[PDB]
Amino acid sequence: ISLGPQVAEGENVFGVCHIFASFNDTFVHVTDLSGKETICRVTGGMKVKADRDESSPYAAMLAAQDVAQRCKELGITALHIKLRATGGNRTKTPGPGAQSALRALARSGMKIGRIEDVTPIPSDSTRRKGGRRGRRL
RNA sequence: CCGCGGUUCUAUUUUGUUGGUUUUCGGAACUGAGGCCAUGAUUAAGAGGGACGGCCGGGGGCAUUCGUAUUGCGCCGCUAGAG
């Protein structure tokens, strides 16, 4: 009770941290072992007010620390991690804020379980946006 | 190729007293049974066609099935952002 379980010292509680680290934004989302129930979600867009640094490591680590103190407020100790890119037909790589948010969570008194990639990879996608001539800049 | 059967006609004869001539008279018309030919098919193209045997191949047509992705929908969670 009291915003946490009654688990003894012998066993620790495992959360799940979805790090949707794309370009232009990074999501850190802590949930239970099914993901059905959520504890906290903080993103760079709601942490920086410059509209450009939504994917910056500066805003990403601040998001990670905020969900970290909230997780400790709920007594969450261990944390399996699911890293996720944009996926689909678009980019399949994590953005800049993945490593900063990951490092911030470790250094904020949290424990780390297993990191796995849940990036959506199509067998073969639909027509990707941009035309056949690419994005001529 | 060689002889022996097997048809229709025809240059000439002179069986000089006319007549009848035998003129098969000579040769050419159609053919059956033969003999002989060393009897008679160039080779099978590092040309081609076809067959046969085991494969081989995102070759093609039809039918069936699997995969996540994307988009949309319905609940649940949570915050004011998301893009």
Side-chain angles (χ1 to χ4, degrees):
Chain A
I1 207 171
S2 186
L3 268 66
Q6 269 290 294
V7 59
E9 198 166 352
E11 183 172 353
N12 57 358
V13 284
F14 292 78
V16 177
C17 176
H18 316 132
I19 302 176
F20 163 57
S22 88
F23 295 86
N24 301 306
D25 217 3
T26 289
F27 280 35
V28 56
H29 201 110
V30 291
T31 46
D32 72 313
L33 290 189
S34 73
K36 189 86 163 56
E37 267 82 15
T38 81
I39 290 90
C40 203
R41 154 157 48 83
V42 176
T43 173
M46 64 87 73
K47 196 46 72 183
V48 69
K49 318 300 285 179
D51 205 355
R52 180 200 305 113
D53 304 333
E54 303 172 353
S55 43
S56 191
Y58 202 64
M61 73 170 184
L62 292 181
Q65 286 157 355
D66 200 83
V67 305
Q69 61 91 32
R70 176 68 158 167
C71 275
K72 277 174 305 183
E73 202 272 324
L74 273 301
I76 316 171
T77 50
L79 194 63
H80 291 262
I81 309 182
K82 278 149 74 178
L83 187 59
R84 161 213 167 81
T86 287
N89 46 21
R90 307 171 87 229
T91 70
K92 319 279 220 312
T93 181
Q99 305 312 303
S100 50
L102 200 61
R103 185 190 58 81
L105 274 178
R107 78 178 284 253
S108 48
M110 200 69 194
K111 307 302 179 182
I112 302 310
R114 311 270 281 284
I115 304 93
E116 199 268 334
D117 298 329
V118 290
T119 67
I121 312 300
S123 289
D124 198 76
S125 63
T126 66
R127 186 72 177 171
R128 181 175 172 177
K129 182 175 192 300
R132 76 172 279 111
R133 275 215 278 154
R135 271 177 86 260
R136 292 95 56 193
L137 306 166

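Chain letters run A, B, ... following the sequence lines, proteins first, then strands; residues in each count from 1. Heavy-atom basis, side chains included; hydrogens, waters and symmetry copies ignored.
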Ignoring hydrogens and angles, write down the donor-acceptor pairs under 3.5 Å from the side chains of residues 95-121 of chain A, residues two or more places apart or on other chains.
| unit_1 | atom_1 | unit_2 | atom_2 | d |
| --- | --- | --- | --- | --- |
| A:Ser100 | OG | A:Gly97 | O | 3.0 |
| A:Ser108 | OG | A:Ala104 | O | 2.8 |
| A:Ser108 | OG | A:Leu105 | O | 2.9 |

Under 3.5 Å for both distances, do we get a Watson-Crick or G-U wobble pair between B:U17 and B:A33? no
For the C1' atoms, the ones on B:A38 and on B:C1, what distance do you get once it is rounded to whole angstrom? 16 Å
Which whole number of Å gives the distance between the P atom of B:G20 and that of B:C2? 43 Å
Applying side chain to side chain donor-acceptor pair (under 3.5 Å), can you list everything that pairs with A:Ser34, at least two apart in sequence or on another chain? A:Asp32
P spacing across the pair B:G6 / B:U31, given as an integer number of angstrom: 15 Å
What's the gap between B:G67 and B:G77 when it is taken at their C1' atoms, as a whole Å value? 30 Å
Please report the shortest heavy-atom distance between A:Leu79 and A:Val16, naming the atom on each side. CD1-N, 3.6 Å
Do the six-membered rings of B:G59 and B:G60 sit on top of each other, with centres under 5.5 Å apart and planes under 30° apart? yes
Under the convention that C1'-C2'-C3'-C4' above zero is north and below zero is south, what is the pucker of B:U13? south
As a test of reading torsions: judging only by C1'-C2'-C3'-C4', is the sugar of B:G48 on the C3'-endo (north) or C2'-endo (south) side? north
Between B:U21 and B:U10, how many Å separate the two P atoms, rounded to a whole number? 15 Å
Are A:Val42 and A:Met61 grouped together when hydrophobic residues (ILVMFWY) are joined by side-chain heavy atoms under 4.5 angstrom apart? no
Please list all pairs meeting ring pair (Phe, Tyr, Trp, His ring centres under 6.0 Å) that have one or both residues in residues 98-129 of chain A, counting only residues at least two apart or in different chains. none
Is B:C78 stacked onto B:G77, using centres under 5.5 Å and an interplanar angle under 30°? no
Got a sec, which pairs hit ring pair (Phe, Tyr, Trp, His ring centres under 6.0 Å) with one end in residues 105-137 of chain A, sequence neighbours left out? none
Taking atom P in both B:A11 and B:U23, compute the distance separating them and give it to the nearest angstrom. 15 Å
RNA chain B-proximal residues of residues 110-137 of chain A, any heavy atom under 4.0 Å: A:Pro120, A:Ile121, A:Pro122, A:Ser123, A:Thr126
Contact pattern, 5' to 3', of nucleotides 77-83 of chain B - B, S or - by protein heavy atom under 4.0 Å: BBB-SSB
Would B:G46 and B:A47 pass the stacking test, six-membered ring centres less than 5.5 Å apart and planes less than 30 degrees? no
Mind checking the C1' distance from B:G3 to B:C36? Whole angstroms is fine. 11 Å
Sugar pucker at B:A80, from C1'-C2'-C3'-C4' (positive north, negative south), flagged south
Give every residue pair that meets the salt bridge (charged side-chain N to carboxylate O under 4.0 Å, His left out) criterion with at least one member in residues 73-99 of chain A, sequence neighbours excluded. A:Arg70-A:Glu73
Under a 3.5 Å distance rule, please check whether A:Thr26 uses its side chain to pair with a backbone N or O of A:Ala21 as donor and acceptor. no
Going by torsion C1'-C2'-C3'-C4' being positive (north) or negative (south), B:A44 has its sugar south
In this structure, do the base rings of B:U15 and B:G16 stack on each other (centres less than 5.5 Å apart, planes differing by less than 30°)? no
Contact list for residues 48-84 of chain A, test ring pair (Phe, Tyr, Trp, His ring centres under 6.0 Å), sequence neighbours left out: A:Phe14-A:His80
Give me syn or anti for B:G5, where syn covers glycosidic angles within 90 degrees of 0. syn
Stacking of B:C9 on B:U10, centroid gap under 5.5 Å, tilt under 30°: yes
Restricting to pairs with a member in residues 97-122 of chain A, which pass ring pair (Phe, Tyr, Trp, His ring centres under 6.0 Å), not counting sequence neighbours? none
For atom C1', what is the distance between B:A29 and B:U8, given to the nearest Å? 6 Å
Furanose pucker, B:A45, classified by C1'-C2'-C3'-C4': south
